[PDB]
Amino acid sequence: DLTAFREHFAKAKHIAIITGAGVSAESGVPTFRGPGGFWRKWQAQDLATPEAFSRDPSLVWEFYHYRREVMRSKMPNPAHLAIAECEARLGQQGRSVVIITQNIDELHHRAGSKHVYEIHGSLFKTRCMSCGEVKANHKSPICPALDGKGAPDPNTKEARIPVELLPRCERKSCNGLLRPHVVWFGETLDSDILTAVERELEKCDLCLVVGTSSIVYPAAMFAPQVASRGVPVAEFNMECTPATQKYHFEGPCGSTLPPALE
């Protein structure tokens, strides 16, 4: 029941909001996973790996160029905003709001969220393979060689770009090859971040799960910790729960959430 949720809402001083792919989906962002989530031949499992990058970096960067570019036309949905404005509203009252997101499209930032933790990184950050420097980057195209590349249709010609023309680290001391600062399959989450999040979750007195369920990664690393403290937890997603039954507001975040946070 919504009323009941809202009563907790008003009381809460430290809200933590975990956000999954559902919320990026509603802004039309592709995730390249499950049926018909394709980019040329591949799904993300195929390309989002250290091995793919080591093996064919041009191809991977093509993939990522595309993703960077299709972002120019996808905007934050109402859920992104309702969150951001919440954070703003409550911050003024000295109540905190933090965002822990597995999404890498920077939509929450563009919505005006501030206290955000991007635990899979971000398409608009690079990491130098040589020196390890992490830098913001929204340039379009990220490098000339990549101009108008990364077409999605299966039959596109590979651009087969020489490594030295792919994006390179601007400290010429170094000039290492840049990769997208994103967590790939088979890599580990930055532990500095996980510690911060642990801390935030420990501190929190109401927890929201949006566009994913507590039952799955990554919500499942934590929701158990917070729940075992007795803190209430609300899911918002397109999922269903069994006739015989934490709160759950089935439906699009875009619709479910803004009323919930007013």
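Superpose the two forms; the largest set of C-alphas matching within 1.5 Å is the rigid core. Residue indices: 1-based, along the sequence shown.
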State which stretch is farther from the displayed form on average in 9 other deposited structures of this protein, 112 to 120 or 150 to 158, counting RMS CA distance after fitting on the rigid core.
150 to 158
Returned stretch for higher CA RMS in 9 other deposited structures of this protein, core superposition, given 199 to 207 and 220 to 228, is 220 to 228
Look at the stretch from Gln245 to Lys246 and count the residues of the deposited sequence that the entry does not model, then pick none, 1 to 3, 4 to 9, or 10 or more.
1 to 3
Please compare 61 to 69 with 40 to 48 and say which has the higher mean C-alpha temperature factor in the record.
40 to 48
Assert higher mean C-alpha B factor (169 to 177 or 125 to 133, deposited values) equals 169 to 177
From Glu118, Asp153, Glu187, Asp105, which pick has the Cα B-factor that tops the rest in the entry?
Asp153
With respect to C-alpha B-factor, does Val197 fall in the lowest, middle or highest third of the chain as deposited?
lowest
Of the three thirds of its chain by CA temperature factor, lowest, middle or highest, which one includes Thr19?
lowest
Using the B-factors in the PDB entry, rank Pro35's C-alpha atom against the chain and give the third, lowest, middle or highest.
highest
Taking only the Cα B-factors deposited for this chain, tell me whether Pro224 sits in the lowest, middle or highest third.
highest
The third of the chain into which the C-alpha temperature factor of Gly112 falls is the lowest
